[PDB]
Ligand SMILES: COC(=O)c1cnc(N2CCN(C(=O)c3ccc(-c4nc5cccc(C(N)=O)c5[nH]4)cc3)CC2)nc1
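Let's start with one chain on its own, the form solved without this ligand, as structure tokens.
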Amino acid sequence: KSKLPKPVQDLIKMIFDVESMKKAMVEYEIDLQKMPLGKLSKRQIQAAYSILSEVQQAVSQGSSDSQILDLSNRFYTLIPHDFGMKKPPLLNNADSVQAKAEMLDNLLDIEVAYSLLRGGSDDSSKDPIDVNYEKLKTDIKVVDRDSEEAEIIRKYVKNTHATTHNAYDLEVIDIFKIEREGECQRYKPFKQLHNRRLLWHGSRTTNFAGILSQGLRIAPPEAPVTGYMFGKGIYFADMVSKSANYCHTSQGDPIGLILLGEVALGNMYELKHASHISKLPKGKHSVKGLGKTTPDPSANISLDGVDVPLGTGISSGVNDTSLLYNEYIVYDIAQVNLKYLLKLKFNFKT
């Protein structure tokens, strides 16, 4: 039996759960009889992204529903959806492209998790929890509840839950300190950059095996840049509830995972509205989507030289913006250094 702390063992069990991967695919309307977990591949996912880009091109060029039908059908041929003997819904607009791009991002992480489970060795004498932990190539430790870092993290959670996200509240179950192998070395050129912030990144539990083993990634070249508000980058928030919404937890599945990453923001390119970019203008290191609300700048504190915007939400003074809250985007994977992973219990009031 494993000598790992019980919370670390529970975390490993959660992220490598095959039935959870299947459930996530069902939620996305994928036909598991036609496309089981074992049949997913990088090649097929990449081909589906490319077709989504074909659809995006027809969408921008104002193509008719009859003109788009073949392109829409090509997507379904590659990624079978649960529709029986019926005609599937038409992928004829920007919202459809965005939704399918999000689904493919998830499939890409699920394929990584499944490939780790299938591509190793079998030894019944070892605890499968230890075996699966080693596949993550990440040092995972439990943060002591009475420590300074635990106090700062709990305050960040307590203070940045938006009033507009009040259908639920959050309870921190466990706080883990994480160290992905080689990430500290990769981060070296950015470790002393100005404007380094400790920010939230929420994702479905089924993505975490992929995130821990490969780090946060940018959508592939084949992915449509218009499927993402600020293009193909890595997205973060300074409001815990804004990232917690991306966990996609429910009354029937109320436990979620959220990351705290040190993000080297540097010179921010400030935007109020969608800008589908792949590269930043010269001199810029990140995009800041300007929210109507921001954590109070006077309440910013420092945790190991990194700024933690844990103030309660106040008016930013930014007018006529598409964003209720701030968002931060980097376009180089080396600008992120993952620091903590929190296991959260979502208490739904609805």
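One-based numbering along the sequence shown.
Same protein, other form: the form solved in complex with this ligand, not shown, and the subject of what follows.
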### Task
Decide open or blocked for this chain: this ligand is absent here, so superimpose its site C-alphas on those in the entry with it bound and check whether 3 or more ligand atoms come within 2.4 Å of a backbone or C-beta atom.
blocked
#### Entry: Residue among 160, 243, 72, 249 with a heavy atom within 4.5 Å of this ligand in the entry with it bound
243
### Task
Find the only residue in 235, 176, 168, 187 having a heavy atom within 4.5 Å of this ligand in the entry with it bound.
235
### Task
Sort through 199-207, 262-270, 132-140, 145-153 and report the only stretch with a non-hydrogen atom within 4.5 Å of this ligand in the entry with it bound.
199-207
#### Entry: Touches this ligand in the entry with it bound: residue 256 (any heavy atom, 4.5 Å)
no
### Task
Give a yes or no for residue 56: in the entry with it bound, does one of its heavy atoms lie within 4.5 Å of a heavy atom belonging to this ligand?
yes
### residue 91, heavy atom within 4.5 angstroms of this ligand in the entry with it bound
no
### Query
At the 4.5 Å heavy atom threshold, is residue 117 in contact with this ligand in the entry with it bound?
no
